[PDB]
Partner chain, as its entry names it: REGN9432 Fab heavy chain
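As structure tokens, one chain now follows by itself in the form deposited without its partner chain.
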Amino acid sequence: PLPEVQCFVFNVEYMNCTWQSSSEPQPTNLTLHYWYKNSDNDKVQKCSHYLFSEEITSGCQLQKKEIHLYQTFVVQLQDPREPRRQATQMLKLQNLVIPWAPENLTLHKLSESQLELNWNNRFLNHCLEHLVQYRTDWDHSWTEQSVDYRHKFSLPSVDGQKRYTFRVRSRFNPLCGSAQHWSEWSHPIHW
């Protein structure tokens, strides 16, 4: 029962494919092979850049040029001692892109009681949607708001007497991929 491989594409800049191997007797260097099923260059590729945990294979890192979103990515884990103990997963890499967190969070008034939250993301943009969370020093929880490729957020009624905290995260969905996983949270900012 081979370990599951999880692959993430980090800001479409590179990709970590990892697995925890420790769930087996005898310390084992499992190997990774991959291929792009049903396209040009569909040859079986060897890892070429192994990641290690406790001197045992734990992952693979693929460089930008090894990444083809939109093309079916097949990963194979292999027992080096027994060929028949192999497991393969078919992955859609555009569903596995993770953006770097939103940056340059600014607040700006268009009225004495209306503010606008703005921010930046490294590379993608039309390919990103956002989640805005805010709360006041008086709230027991975050208010959240889904935001499209306008990486803006309007707050039309704000209380000067209260202190606000805002944070934003981003996601590669739904226009250029269907990622389920969010970037990490931005640095929070306060009003």
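Positions refer to the first chain, counted from 1.
Keep in mind that the form solved in complex with its partner chain is not shown, yet the notes after this line are about it.
Enquirer: Is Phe8 near its partner chain? Define near as a heavy atom within 4.5 Å, in the entry with it bound.
Expert: No, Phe8 sits far enough from its partner chain in the entry with it bound that none of its heavy atoms falls within 4.5 Å.
Enquirer: Can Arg122 be called a contact residue for its partner chain in the entry with it bound at 4.5 Å between heavy atoms?
Expert: Because no heavy atom of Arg122 falls inside 4.5 Å of its partner chain in the entry with it bound, the answer is no.
Enquirer: Please run the contact check for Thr165 against its partner chain in the entry with it bound: heavy atoms, 4.5 angstroms, yes or no?
Expert: Contact with its partner chain, yes.
Enquirer: Spell out, yes or no, whether the shortest heavy atom distance between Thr136 and its partner chain in the entry with it bound is within 4.5 Å.
Expert: Heavy-atom contact with its partner chain at 4.5 Å: present for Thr136.
Enquirer: For 152 to 191: residues with a non-hydrogen atom within 4.5 angstroms of its partner chain in the entry with it bound?
Expert: Residues within 4.5 Å: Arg163, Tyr164, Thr165, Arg167, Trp185, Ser186, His187, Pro188, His190, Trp191.
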